[PDB]
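In the form deposited in one PDB entry, a lone chain appears below as structure tokens.
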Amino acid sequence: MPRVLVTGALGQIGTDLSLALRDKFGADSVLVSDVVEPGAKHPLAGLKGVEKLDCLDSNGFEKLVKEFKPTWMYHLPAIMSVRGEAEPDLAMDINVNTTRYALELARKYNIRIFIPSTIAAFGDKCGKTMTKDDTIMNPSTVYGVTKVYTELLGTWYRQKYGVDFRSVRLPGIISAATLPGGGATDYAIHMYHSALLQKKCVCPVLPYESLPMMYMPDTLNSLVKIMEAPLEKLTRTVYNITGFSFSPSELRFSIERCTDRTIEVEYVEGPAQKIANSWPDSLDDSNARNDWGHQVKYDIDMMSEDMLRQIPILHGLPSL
């Protein structure tokens, strides 16, 4: 049974991952942290082992690692695709420098370390249909650039020092509990809110821009599964994973068929569209399926149904 450290824990992924790990391994085995404190309505308010730590504070990060002695780390802090174009200084500081600290500490303290990549690591030369694990990487956002740097530097730590570095290229992740940072796939979460609130959604991704996507339960499954796998089962450090692909028009159809209500949607092309246009439509994740058993339980309608049930309960929005 591992001791698990999660950084950037109050975000979209960390919120749910923190809870899944605690319930799988017990709360005493799981320490989580973030640059800020949870608000009183955050799902991690009031839980112990939830610390304040700025990962840009090298010394603090090392003090926490020293004191807790994790055997696993999920290093989740990142400024994301859309926000990063607006705050590229912040993107480069966090995505480069925290990642560099997390790797050195993994090396120094003998930690199996997970740092997520993303479909944003790809750009327009990747081969957008069923994009492979190994291809040309020409990301067109600074976030993507820092993510390729992350894959490569982590892979360098594995080969140079034997650090057990593992990663997946996350597709767009959909969840109910905590709202998304500043990403291009955020529209997909926002559309469910808009539908429950009965208010017009202004969508900055164009209606037929397909992206790889996944629902959180599947994502959690896979984030635990790749960290549990014996290193000998892994043929690579970085794996594509996908759930299913969809476009905004498709998601809208899904939501409408579950609510039996039309939703008002105005499509604009914000920065999210030009970014998302540079990304794959779909991924090939067969290496992940084959090496460690990546699997997806949810399709789009099962996800919409769960999201429509959970958001009212978790956020108080207009229910049934």
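What we label the rigid core is the largest C-alpha set whose atoms superpose within 1.5 Å from one form to the other. Don't overthink the numbering: it's just position in the shown sequence, from 1.
- Taking the mean C-alpha B-factor of each stretch as recorded, 157 to 165 and 85 to 93 are not equal, and the higher mean is that of 85 to 93.
- Stretches compared: 178 to 186, 203 to 211. Higher mean C-alpha B-factor in the entry: 178 to 186.
- When the C-alpha B-factors of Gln198, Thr150, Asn138, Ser245 are read from the PDB record, the largest value belongs to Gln198.
- The maximum CA B-factor among the listed residues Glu232, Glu104, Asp133, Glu228, taken from the PDB record, is found at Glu232.
- Among all modelled residues in its chain, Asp284 ranks in the lowest third by Cα B-factor.
- Ranked by Cα temperature factor within the chain, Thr237 sits in the lowest third according to the deposited record.
- In the deposited entry, the Cα temperature factor of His193 sits in the top third of values across the chain's modelled residues.
- Among the modelled residues of its chain, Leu308 has a C-alpha B-factor that falls in the highest third according to the deposited record.
- Per-chain ranking of the deposited C-alpha B factor places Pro217 in the middle third.
What follows is about the form deposited in another entry, which we do not show.
- Once the core is superposed between the shown form and the other one, every option in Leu234, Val96, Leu152, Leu179 stays below 2 Å in C-alpha shift except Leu179.
- Relative to the superposed core, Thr129 shifts its CA atom by less than 2 Å between the shown form and the other one.
- Here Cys201 counts as shifted, since its C-alpha moves by at least 2 Å between the shown form and the other one after the core is aligned.
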